[PDB]
């Protein structure tokens, strides 16, 4: 019913970060977990998610770079973000809905984390 997101931060383009979502009282095992993100001046958008039985859904612009997975022992959901690019900069939220569906809009989800800032800098080392 209450989700804690962790693992955001600042990283350079091409780098990696892992977000994790953990729930308090209930077992997250009955929940589809969707990851949403809100960039400055835009709406929350579905990024990636896993349902209660290993079904996966992805936004097109993150396919081949992001992976959602679930460790049902630790009752935790992960978003592994590789090949990060500046336009992935956003506040990231995990959201949880009971069952097998991953609806695309925030209203399909009742339970929400507080959000983790992810910043991807165009920084690269000097040549």
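Positions refer to the first chain, counted from 1.
Chemist: Highest mean C-alpha temperature factor of the two stretches 66-74 and 49-57, which is it?
Modeler: Mean CA B-factor is higher for 66-74.
Chemist: Read off the CA B-factors in the entry, average them over 25-33 and over 95-103, and name the higher stretch.
Modeler: In the deposited entry, the stretch with the higher C-alpha B-factor mean is 25-33.
Chemist: Relative to the other modelled residues of the same chain, rank the CA B-factor of residue 88 and answer lowest, middle or highest third.
Modeler: CA B-factor rank for residue 88: lowest third.
Chemist: Per the entry's values, where does residue 14 land by CA temperature factor relative to the rest of its chain, in the lowest, middle or highest third?
Modeler: CA B-factor rank for residue 14: lowest third.
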